[PDB]
Each structure stands twice: as structure tokens, then as C-alpha cells.
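For reference, query14.pdb (PDB, N, CA, C and O atoms):
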ATOM      1  N   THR A  68      -1.535  -0.553 -11.667
ATOM      2  CA  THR A  68      -1.323  -0.587 -10.192
ATOM      3  C   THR A  68      -0.461  -1.790  -9.811
ATOM      4  O   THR A  68      -0.863  -2.926  -9.958
ATOM      5  N   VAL A  69       0.716  -1.533  -9.304
ATOM      6  CA  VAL A  69       1.640  -2.629  -8.883
ATOM      7  C   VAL A  69       2.971  -2.001  -8.454
ATOM      8  O   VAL A  69       3.699  -1.455  -9.259
ATOM      9  N   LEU A  70       3.291  -2.066  -7.191
ATOM     10  CA  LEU A  70       4.573  -1.463  -6.711
ATOM     11  C   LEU A  70       4.715  -0.042  -7.268
ATOM     12  O   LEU A  70       5.763   0.567  -7.188
ATOM     13  N   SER A  71       3.666   0.485  -7.839
ATOM     14  CA  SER A  71       3.723   1.852  -8.411
ATOM     15  C   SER A  71       3.511   2.874  -7.309
ATOM     16  O   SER A  71       2.485   2.916  -6.659
ATOM     17  N   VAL A  72       4.493   3.692  -7.097
ATOM     18  CA  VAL A  72       4.404   4.728  -6.040
ATOM     19  C   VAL A  72       3.900   6.032  -6.657
ATOM     20  O   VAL A  72       3.426   6.917  -5.969
ATOM     21  N   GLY A  73       3.990   6.154  -7.953
ATOM     22  CA  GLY A  73       3.508   7.394  -8.620
ATOM     23  C   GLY A  73       2.082   7.696  -8.158
ATOM     24  O   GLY A  73       1.544   8.750  -8.425
ATOM     25  N   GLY A  74       1.465   6.777  -7.468
ATOM     26  CA  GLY A  74       0.073   7.011  -6.990
ATOM     27  C   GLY A  74       0.085   8.024  -5.845
ATOM     28  O   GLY A  74      -0.656   8.988  -5.850
ATOM     29  N   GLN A  75       0.921   7.818  -4.861
ATOM     30  CA  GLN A  75       0.975   8.770  -3.723
ATOM     31  C   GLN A  75       1.787   9.996  -4.134
ATOM     32  O   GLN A  75       1.452  11.115  -3.800
ATOM     33  N   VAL A  76       2.848   9.797  -4.865
ATOM     34  CA  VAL A  76       3.670  10.958  -5.302
ATOM     35  C   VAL A  76       2.809  11.858  -6.188
ATOM     36  O   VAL A  76       2.656  13.038  -5.933
ATOM     37  N   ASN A  77       2.230  11.307  -7.221
ATOM     38  CA  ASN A  77       1.367  12.130  -8.105
ATOM     39  C   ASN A  77       0.304  12.804  -7.243
ATOM     40  O   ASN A  77       0.094  13.994  -7.313
ATOM     41  N   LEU A  78      -0.356  12.053  -6.409
ATOM     42  CA  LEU A  78      -1.394  12.657  -5.526
ATOM     43  C   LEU A  78      -0.811  13.912  -4.863
ATOM     44  O   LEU A  78      -1.398  14.975  -4.887
ATOM     45  N   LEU A  79       0.343  13.790  -4.274
ATOM     46  CA  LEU A  79       0.975  14.956  -3.601
ATOM     47  C   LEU A  79       1.130  16.137  -4.574
ATOM     48  O   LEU A  79       1.079  17.282  -4.170
ATOM     49  N   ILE A  80       1.337  15.886  -5.844
ATOM     50  CA  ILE A  80       1.513  17.024  -6.794
ATOM     51  C   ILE A  80       0.157  17.696  -7.060
ATOM     52  O   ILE A  80       0.062  18.900  -7.177
ATOM     53  N   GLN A  81      -0.885  16.924  -7.168
ATOM     54  CA  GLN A  81      -2.225  17.508  -7.442
ATOM     55  C   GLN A  81      -2.674  18.388  -6.270
ATOM     56  O   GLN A  81      -3.016  19.539  -6.448
ATOM     57  N   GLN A  82      -2.672  17.869  -5.071
ATOM     58  CA  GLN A  82      -3.093  18.709  -3.911
ATOM     59  C   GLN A  82      -2.210  19.947  -3.896
ATOM     60  O   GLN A  82      -2.656  21.054  -3.672
ATOM     61  N   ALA A  83      -0.952  19.750  -4.126
ATOM     62  CA  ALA A  83      -0.003  20.880  -4.127
ATOM     63  C   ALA A  83      -0.335  21.836  -5.282
ATOM     64  O   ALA A  83       0.060  22.984  -5.279
ATOM     65  N   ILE A  84      -1.060  21.372  -6.270
ATOM     66  CA  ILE A  84      -1.416  22.248  -7.422
ATOM     67  C   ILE A  84      -2.732  22.977  -7.112
ATOM     68  O   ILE A  84      -3.159  23.835  -7.858
ATOM     69  N   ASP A  85      -3.375  22.637  -6.024
ATOM     70  CA  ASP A  85      -4.668  23.302  -5.665
ATOM     71  C   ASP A  85      -4.674  23.652  -4.174
ATOM     72  O   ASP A  85      -5.550  23.243  -3.440
ATOM     73  N   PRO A  86      -3.709  24.415  -3.736
ATOM     74  CA  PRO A  86      -3.603  24.840  -2.310
ATOM     75  C   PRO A  86      -4.612  25.943  -1.976
ATOM     76  O   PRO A  86      -4.540  26.575  -0.941
ATOM     77  N   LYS A  87      -5.547  26.180  -2.856
ATOM     78  CA  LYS A  87      -6.560  27.242  -2.610
ATOM     79  C   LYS A  87      -7.316  26.938  -1.317
ATOM     80  O   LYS A  87      -7.749  27.827  -0.612
ATOM     81  N   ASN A  88      -7.483  25.684  -1.004
ATOM     82  CA  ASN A  88      -8.215  25.314   0.239
ATOM     83  C   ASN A  88      -7.318  25.579   1.454
ATOM     84  O   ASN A  88      -7.583  26.455   2.256
ATOM     85  N   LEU A  89      -6.258  24.834   1.589
ATOM     86  CA  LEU A  89      -5.347  25.042   2.746
ATOM     87  C   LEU A  89      -4.964  26.519   2.820
ATOM     88  O   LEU A  89      -4.924  27.108   3.881
ATOM     89  N   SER A  90      -4.690  27.125   1.698
ATOM     90  CA  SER A  90      -4.316  28.565   1.706
ATOM     91  C   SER A  90      -5.445  29.374   2.344
ATOM     92  O   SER A  90      -5.216  30.224   3.181
ATOM     93  N   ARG A  91      -6.665  29.115   1.958
ATOM     94  CA  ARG A  91      -7.802  29.872   2.548
ATOM     95  C   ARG A  91      -7.728  29.766   4.073
ATOM     96  O   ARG A  91      -8.107  30.672   4.788
ATOM     97  N   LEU A  92      -7.241  28.663   4.575
ATOM     98  CA  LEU A  92      -7.140  28.495   6.054
ATOM     99  C   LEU A  92      -5.869  29.180   6.568
ATOM    100  O   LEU A  92      -5.484  29.015   7.707
ATOM    101  N   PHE A  93      -5.213  29.947   5.733
ATOM    102  CA  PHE A  93      -3.960  30.646   6.167
ATOM    103  C   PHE A  93      -3.929  32.055   5.547
ATOM    104  O   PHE A  93      -4.518  32.281   4.512
ATOM    105  N   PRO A  94      -3.244  32.997   6.167
ATOM    106  CA  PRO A  94      -3.142  34.395   5.649
ATOM    107  C   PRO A  94      -2.990  34.461   4.124
ATOM    108  O   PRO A  94      -3.161  35.501   3.520
ATOM    109  N   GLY A  95      -2.662  33.365   3.505
ATOM    110  CA  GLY A  95      -2.489  33.361   2.027
ATOM    111  C   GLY A  95      -3.633  34.120   1.344
ATOM    112  O   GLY A  95      -3.442  34.725   0.310
ATOM    113  N   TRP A  96      -4.823  34.085   1.888
ATOM    114  CA  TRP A  96      -5.959  34.801   1.223
ATOM    115  C   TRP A  96      -5.979  36.283   1.617
ATOM    116  O   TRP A  96      -6.328  37.132   0.821
ATOM    117  N   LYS A  97      -5.617  36.610   2.826
ATOM    118  CA  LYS A  97      -5.629  38.044   3.237
ATOM    119  C   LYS A  97      -4.903  38.899   2.198
ATOM    120  O   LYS A  97      -4.945  40.112   2.253
ATOM    121  N   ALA A  98      -4.238  38.284   1.245
ATOM    122  CA  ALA A  98      -3.513  39.057   0.202
ATOM    123  C   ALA A  98      -4.200  38.829  -1.134
ATOM    124  O   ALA A  98      -4.030  39.578  -2.076
ATOM    125  N   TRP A  99      -4.958  37.773  -1.226
ATOM    126  CA  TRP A  99      -5.644  37.454  -2.502
ATOM    127  C   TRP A  99      -6.942  38.259  -2.610
ATOM    128  O   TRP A  99      -7.627  38.214  -3.611
ATOM    129  N   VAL A 100      -7.288  38.990  -1.585
ATOM    130  CA  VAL A 100      -8.539  39.790  -1.631
ATOM    131  C   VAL A 100      -8.541  40.667  -2.885
ATOM    132  O   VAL A 100      -7.590  40.584  -3.643
TER     133      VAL A 100
END

Starting from the file, give its structure as C-alpha cells.
Amino acid sequence: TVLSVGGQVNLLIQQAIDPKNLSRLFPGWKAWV
């Protein structure tokens, strides 16, 4: 940890790798049925 931004950038990749939650809050699931 030091001037390392890979912390927020990496974080953004993980959430983006598990959009099952946000997707559930959007029509994204009306097709996953």
C-alpha cells in the first residue's frame, strides 16, 4: 500500500465481475429466468 491505485481500479474490476446484484435490480434478470 503506497501511491498504489490498483486498489480502487482492481476493486472496480471485481464488482464489475459480479454484477449479479446490480443486474438483479435491472431487467438483466427478466432474461436470466

Got a sec to tell me which of chain A DSSP assigns to helix (DSSP H, G or I), as JSON, numbers by chain?
{"A": [73, 74, 75, 76, 77, 78, 79, 80, 81, 82, 83, 84, 87, 88, 89, 90, 91]}

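Between atom C of residue 72 (chain A) and atom O of residue 92 (chain A) there is a distance of 28.7 Å.
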
Would you compute, for all listed atoms of region 78-95 of chain A, the axis-aligned bounding box grown by 6 Å on each side, and then report its centre and edge lengths in Å rounded to one decimal, as JSON?
{"center_x": -3.4, "center_y": 23.8, "center_z": -0.1, "size_x": 21.7, "size_y": 35.4, "size_z": 27.6}

Gap from CA of residue 84 (chain A) to atom C of residue 70 (chain A) - Å, one decimal
23.1 Å

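Here atom C of residue 91 (chain A) and atom O of residue 76 (chain A) stand 22.1 Å from one another.
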